[PDB]
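Only one chain is given next, in structure tokens, and it is the form deposited in one PDB entry.
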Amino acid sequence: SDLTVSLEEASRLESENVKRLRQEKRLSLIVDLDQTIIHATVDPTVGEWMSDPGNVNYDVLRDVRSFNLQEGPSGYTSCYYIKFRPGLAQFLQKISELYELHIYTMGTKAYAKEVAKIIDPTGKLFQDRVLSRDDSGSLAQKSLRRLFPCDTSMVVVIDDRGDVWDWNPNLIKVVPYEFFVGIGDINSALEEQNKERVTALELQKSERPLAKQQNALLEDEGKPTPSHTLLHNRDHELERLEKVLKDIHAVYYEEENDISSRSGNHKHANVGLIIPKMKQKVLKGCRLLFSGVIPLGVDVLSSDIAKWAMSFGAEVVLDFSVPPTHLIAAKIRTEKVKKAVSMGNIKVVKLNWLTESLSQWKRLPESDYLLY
């Protein structure tokens, strides 16, 4: 019936796209919004600072855009302030040459459209390839299957959160973009989620966290103005992401093009295999033991930090049975720390050593994070 034929049609269409992409010599890139390529806030403090050229935060707010949104319930309206990550225009422009772009956000569709309107005014970058929490199919997680149910060999994902992707092998976790300091992700059981959301938005509009932190910084008599200014433009993560993305593409089409041995629907490259290969080298050789990092209520080997570290080739042990190379500790003289210190061959470092190493795709010198 109109289902057997339909499913066969959808399947043909899916393989068509995979073929189309390889003929354009491109891949698919799933792009997250919040804290990946933008940062948003409803803290009215932004509008106030933007209206005062003499304000210490004025200069870094010159490129900030805003828009209004009223949604679902009883027309709750909010003025959103959007800060685009440095170099975004060029990143999208350049990356579009190697990847077909898709947006996949946990924000609402209305939210996504407004953001898309600004970053993609001609609609050529993303077209209609935009997924929001209104049509993704989940309020807690993202799935490659929502976009590529049968073949994910050509899809790369860039997102600041690895948990919403189950630390999928196709994921390139990005350093969270936190321009509006102290503000996290304004977008994080539908009506039950909307409630707490509208609550976080209100708490932000009334508590003015930005003003609160800026005031605190100024209330500390000093001379170095810069260190007293809350907002700063010191992020060029996109230039780094561009490099990694160019490499993945290059490696994929190198393996792909050299699949010369009946290139029909025989065998092709797989970003899902290529990416892990690239990351596995970073912390290969490291055996990590955590102390005061993972809550006892949470499982260690399934914790986000552990999975993040393992995606980069590190091993995560639970005890000293097999002496770990590093003890990731949370500034607390625990029995694990004492133990490792007595062994003298274990590097006792702060969590930062690991998160910064993972963020830089490079095993950093323990010396700067060493506790023992």
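Start at 1 with the first residue shown and count on from there. Rigid core (definition): largest C-alpha set, two forms, superposition within 1.5 Å.
Going from residue 153 to residue 154, the model skips none of the deposited residues; the chain is continuous there. Annotation for 205-213 versus 158-166: the higher mean temperature factor (C-alpha) is found in 205-213.
Per the PDB record, of the two stretches 62-70 and 306-314, 62-70 carries the greater mean B-factor over its C-alpha atoms.
Note on 96, 138, 261, 132: the highest value goes to 261, judged by CA B factor as recorded. Considering 110, 190, 231, 172 together, the PDB entry gives 190 the largest C-alpha B factor. In the deposited entry, the Cα temperature factor of residue 268 sits in the top third of values across the chain's modelled residues. The deposited CA B-factor of residue 87 belongs to the lowest third of values across its chain. For residue 245, the recorded CA B-factor ranks within the lowest third of the chain. Only modelled residues enter the ranking. Placement of the Cα temperature factor of residue 142 within the chain: lowest third of the modelled residues, per the deposited record. Per the deposited record, the Cα B-factor of residue 76 falls in the highest third when ranked against the other modelled residues of its chain.
The following text describes the form deposited in another entry, which does not appear among the structures shown.
Taking the core as reference between this form and the one not shown, the lone member of 277, 284, 262, 243 whose Cα moves by 2 Å or more is 262. The Cα-Cα distance between residue 264 and residue 129 is lengthened by 3 Å or more in the other entry relative to the form shown here.
Relative to this conformation, a decrease of 3 Å or more in the Cα-Cα distance between residue 260 and residue 18 is found in the other entry.
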